[PDB]
Amino acid sequence: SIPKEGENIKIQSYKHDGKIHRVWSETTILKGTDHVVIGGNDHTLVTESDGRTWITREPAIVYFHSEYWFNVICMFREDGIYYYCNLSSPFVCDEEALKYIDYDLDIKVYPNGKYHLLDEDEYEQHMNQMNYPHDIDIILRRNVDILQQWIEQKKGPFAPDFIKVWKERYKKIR
Ligand SMILES: Nc1nc(O)c2ncn([C@H]3O[C@H](COP(=O)(O)OP(O)(O)=S)[C@H](O)[C@@H]3O)c2n1
Ligand SMILES: [Mg+2]
Ligand SMILES: [Mg+2]
């Protein structure tokens, strides 16, 4: 269930009600442990909940954690490194895909480290629509605060040395 270095896997995002939200066709595994999966993608197919397919335009490093209720996409844009952070269940892997539940809230980090909390309105609506339990609401709000603290500390995927190491590892294996 821990994916192997050099494996190309699919990543599947679901909503709390079990419906698929988003699917990424191809991510090359750079690190796979008990607690952490790191991957790279570039010009992967992406499929939406209506079946429509689009293609990513720039390389990204993805970071998944088995304990924390978030995952992080590090995007290498012409105007600098952006992060897109999903509040989520932790991941599970199997032969089909790395899988997680998307919980609406996300954080955008700009190249200079400034962050914006996104989709608070969508989270409130979906939490009422899909009846998220109170404990999930407590966990997600706590993990918003943890993610902000990691961004401010440049911890984990937000470390400049993380980006230097994994950007170069992905550039070589691709
Ligand atoms: N070209 C294109 N076409 C689509 O249909 C797209 N759908 C999503 N992207 C985006 O995928 C990422 C996330 O989309 P989002 O922030 O709107 O996600 P949710 O989960 O809040 S709906 C990219 O930032 C990026 O904006 C799409 N990009
Ligand atoms: Mg999200
Ligand atoms: Mg969202």
Side-chain angles (χ1 to χ4, degrees), residues 8-28 36-93 97-133 135-151 156-158 163 166-167 170:
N8 269 359
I9 69 161
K10 185 148 64 176
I11 298 163
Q12 297 184 179
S13 176
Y14 300 73
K15 305 305 302 190
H16 181 85
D17 69 357
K19 293 205 163 46
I20 285 280
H21 183 52
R22 187 165 294 112
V23 180
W24 294 258
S25 289
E26 288 190 290
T27 298
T28 306
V36 172
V37 172
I38 303 171
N41 54 53
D42 190 9
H43 288 71
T44 180
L45 268 29
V46 188
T47 307
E48 299 293 311
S49 61
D50 56 9
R52 283 182 165 90
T53 311
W54 59 277
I55 303 184
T56 66
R57 286 142 169 78
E58 73 273 302
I61 297 295
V62 301
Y63 173 96
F64 294 91
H65 205 289
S66 69
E67 305 171 325
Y68 291 97
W69 284 61
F70 51 79
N71 57 66
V72 176
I73 314 291
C74 324
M75 293 172 296
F76 293 96
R77 294 190 65 78
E78 199 172 324
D79 71 294
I81 302 158
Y82 286 75
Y83 297 87
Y84 185 95
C85 313
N86 293 294
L87 280 293
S88 61
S89 72
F91 74 95
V92 300
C93 297
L98 183 150
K99 306 170 173 170
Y100 68 89
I101 308 178
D102 180 285
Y103 280 112
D104 314 303
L105 296 167
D106 8 66
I107 299 185
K108 176 184 182 186
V109 184
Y110 291 73
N112 76 354
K114 166 172 68 185
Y115 61 82
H116 295 169
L117 175 63
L118 314 181
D119 288 336
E120 277 194 277
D121 45 13
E122 168 180 81
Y123 173 67
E124 288 293 317
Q125 291 297 300
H126 284 185
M127 168 160 60
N128 286 326
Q129 283 155 230
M130 288 184 274
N131 298 115
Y132 304 167
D135 285 354
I136 286 184
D137 181 52
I138 294 164
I139 287 168
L140 292 169
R141 294 172 202 274
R142 183 199 299 126
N143 280 255
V144 167
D145 286 351
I146 295 167
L147 201 47
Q148 292 179 0
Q149 295 302 116
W150 282 34
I151 295 158
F158 309 109
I163 293 297
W166 298 113
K167 176 192 188 306
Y170 184 41

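Hydrogens, waters and symmetry mates are skipped; everything else that's a heavy atom, side chains included, is used. Residues: numbered from 1 along the sequence shown. In listed order, ligands and their atoms are each counted from 1.
For atom 12 (C) of ligand 1, the nearest protein heavy atom lies 4.0 Å away or farther. Distance check for atom 23 (C) of ligand 1: every protein heavy atom is found at 4.0 Å or beyond.
The ring of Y103 has its center closer than 6.0 angstrom to the ring center of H16. If you look at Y68 and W150, their ring centroids are closer than 6.0 Å. Ring centroids of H116 and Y110 are separated by less than 6.0 Å, placing the two rings close together.
Protein heavy atom at the shortest distance from atom 25 (C) of ligand 1 is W54 CH2, 4.4 Å. Residue, atom and distance of the protein heavy atom nearest to atom 21 (O) of ligand 1 are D119 OD2, 3.2 Å.
Neither the backbone nor the side chain of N86 comes within 4.0 Å of ligand 1, counting heavy atoms alone.
Draw a line from the Mg ion (ligand 3) to O of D104 and another to OD2 of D119, and the angle between them is 90° (to 10°). Centred on the Mg ion (ligand 2), the OD2 atom of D102 and the OD1 atom of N86 lie at an angle of 100°, reported to 10°. Annotation: angle subtended at the Mg ion (ligand 3) by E122 OE1 and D106 OD2 is 160°, to 10°.
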Give the intermediate values and the outcome of salt bridge (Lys or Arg N to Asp or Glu O under 4.0 Å) for residues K167 and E58. CA-CA 12 Å; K167 176 192 188 306; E58 73 273 302; over 6 Å; no

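Using a cutoff of 4.0 Å between basic side-chain nitrogens and carboxylate oxygens, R22 and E48 are scored as salt-bridged. Taking the charged nitrogens against the carboxylate oxygens, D50 and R52 do have a contact shorter than 4.0 Å, which makes a salt bridge.
Here the closest non-hydrogen pair linking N71 and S88 is ND2-OG, 3.4 Å.
The option from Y82, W24, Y84 that lies nearest to atom 16 (O) of ligand 1, judged by heavy atoms, is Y84. Comparing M75, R57, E122, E48 against atom 7 (N) of ligand 1, the shortest heavy-atom distance belongs to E48.
More than 12 heavy atoms of other residues, nucleotides or ligands lie within 6.0 Å of CZ in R141, so this atom counts as buried by the packing criterion.
Polar contact check, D102 against ligand 1: no nitrogen or oxygen pair lies under 3.5 Å apart.
No heavy atom of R52 sits closer than 4.0 Å to any atom of ligand 1.
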